[PDB]
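1. Turn this into a structure:
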Amino acid sequence: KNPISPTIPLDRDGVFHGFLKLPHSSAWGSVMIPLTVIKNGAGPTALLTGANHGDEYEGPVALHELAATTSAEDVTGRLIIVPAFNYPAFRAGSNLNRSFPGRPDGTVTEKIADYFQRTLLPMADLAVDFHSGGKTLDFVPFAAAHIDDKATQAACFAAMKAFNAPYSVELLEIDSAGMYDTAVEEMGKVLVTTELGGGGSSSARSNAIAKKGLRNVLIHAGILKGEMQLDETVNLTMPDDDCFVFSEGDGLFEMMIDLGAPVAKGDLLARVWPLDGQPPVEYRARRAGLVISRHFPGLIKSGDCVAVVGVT
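-> Residues are numbered from 1 along each chain as shown. And now the structure:
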């Protein structure tokens, strides 16, 4: 019933670069989601999606590289690579993430979600969903697993530990309704998500974390050939709303602590300087742990998250 058709085969051996197309129609147009499929021999299937927003780049870079530099002989199984997952542009730098599960006779965004929900996701054994902070937030580079209700948690935790980013976060929040990550979690699939930076930029460190983590997870999954890279990692949890500090006003934003630095309950996280003589507003940690996220831009607004602290 769903009118989305790939310009390539999903089922044949080789390297294939194409699109998902729905004419949305004197057709006056179509939307095209770029995708690469690499299948060879026998094995599981990885569904890799780059970014839900246009200001995240670690994901899009790693997936562009993987899609361009991986041959069929390297794969045992199948990779479905969607470097850009941000409606409507579907290009890095340029609402689909609340339209799940969607419907075949619906919005353009619900037709796309219905395709991922009822065609792509069921045939996937592993999902890797790259995020990054975007323009507003900057994170320490971490991979995250969702342990739930189910028994797949040991499989997700294992995929995250294979990723082996410098930080490993355990989230037992099941994400809000309509999101893609919620669809994977609630289908019981193995899902690893990331936050590999932010600020609308990507360094060679964070790019390298993404490429290594991608290869590790695909090798661990038995899809890619090779030897894994394992470095140190710090395991973190966000168990309480006391991990989050929100700004109550606007001003010039002065962060006082290192991203990644230790912080005790009561320490000063940031100052907000008023732009109309008065002293600055102070924002202090409500729990001890590590600063894992911070407001990135120089100005901050009421309601913005000042910083996030991860425990142990």
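2. Could you use CA atoms for every contact and neighbour count after this?
-> OK.
3. Tell me if I am right that residue 218 is in a strand.
-> No: with DSSP: H, G, I helix; E, B strand; the rest coil as the criterion, residue 218 is located in helix rather than a strand.
4. for the spatially closest residue to it that is not a sequence neighbour, what are its contacts?
-> The shortest distance from residue 218 to any non-neighbouring residue, by CA to CA, 6 or more residues apart in numbering, is to residue 224 (5.3 Å). Contact partners of residue 224, counting by CA atoms under 8 Å, 6 or more residues apart in numbering, are 74-76, 215, 218.
5. now that we have the residues you listed, which one has the most neighbours?
-> Neighbour counts for the contacts of residue 224 (other CA atoms under 10 Å) peak at residue 218, which has 26 neighbours.
6. Doesn't residue 209 belong to a helix?
-> Yes: the assignment for residue 209 (three-state DSSP) places it in a helix.
7. For the closest residue in space to it that isn't next to it in sequence, list the residues it contacts.
-> Nearest-residue entry for residue 209: residue 165, 6.2 Å, with adjacent residues in sequence omitted and distances by CA to CA, 6+ apart. For residue 165, the contact set (CA under 8 Å, 6+ apart) comprises 141-143, 209, 213, 233.
8. separation between residue 165 and residue 210?
-> Computed with CA to CA, to the nearest Å, the distance linking residue 165 and residue 210 is 8 Å.
9. Quick check: which element contains the residue nearest to residue 209?
-> Residue 165 is part of no helix or strand when elements are defined by DSSP states H and E.
10. Now do the contacts for the closest residue to residue 227 other than its chain neighbours.
-> Using CA to CA, 6+ apart and skipping residues adjacent in sequence, the residue nearest residue 227 is residue 219, 7.5 Å away. Going by CA under 8 Å, 6+ apart, residue 219 touches 225-228.
11. And those residues, which is closest to residue 199?
-> Nearest to residue 199, judged by CA to CA, of the contacts of residue 219 is residue 228 at 29.3 Å.
12. Tell me which residue lies farthest from the centre of the protein.
-> Largest separation from the mean C-alpha position in the chain: residue 277, at 41.6 Å (CA atoms, centre = their mean).
13. Assign that one to helix, strand or coil.
-> Here residue 277 is recorded as coil under three-state DSSP.
14. And residue 156, by the same measure?
-> Under three-state DSSP, the three-state class of residue 156 is helix.
15. hang on, isn't it packed against residue 193?
-> No: counting by CA atoms under 8 Å, residue 156 stays clear of residue 193, with 9.9 Å between them.
16. Show me whatever sits in contact with both of those two.
-> Residues touching both residue 156 and residue 193 (CA under 8 Å, 6+ apart): residue 145.
17. if you count what's nearby, which of these two comes out ahead?
-> residue 156 (26 against 23).
18. which residues sit in contact with the more buried one?
-> For residue 156, the contact set (CA under 8 Å, 6+ apart) comprises 145-147, 190-192.
19. all strands of the stretch 1-150 of the chain, in order?
-> 5-6, 14-22, 31-40, 45-49, 77-82, 126-129, 137-139, 142-146 (DSSP state E, counting those that start in this stretch).
20. Deepest-packed of the ones you listed, please.
-> Ranked by mean neighbour count, the strands of the stretch 1-150 of the chain are led by strand 142-146 with a mean of 27 (mean count of other CA atoms under 10 Å).
21. Residues contacting that one, please?
-> Applying CA under 8 Å, 6+ apart, the contact partners of strand 142-146 are 153, 156-157, 159-160, 163-174, 185, 191-196.
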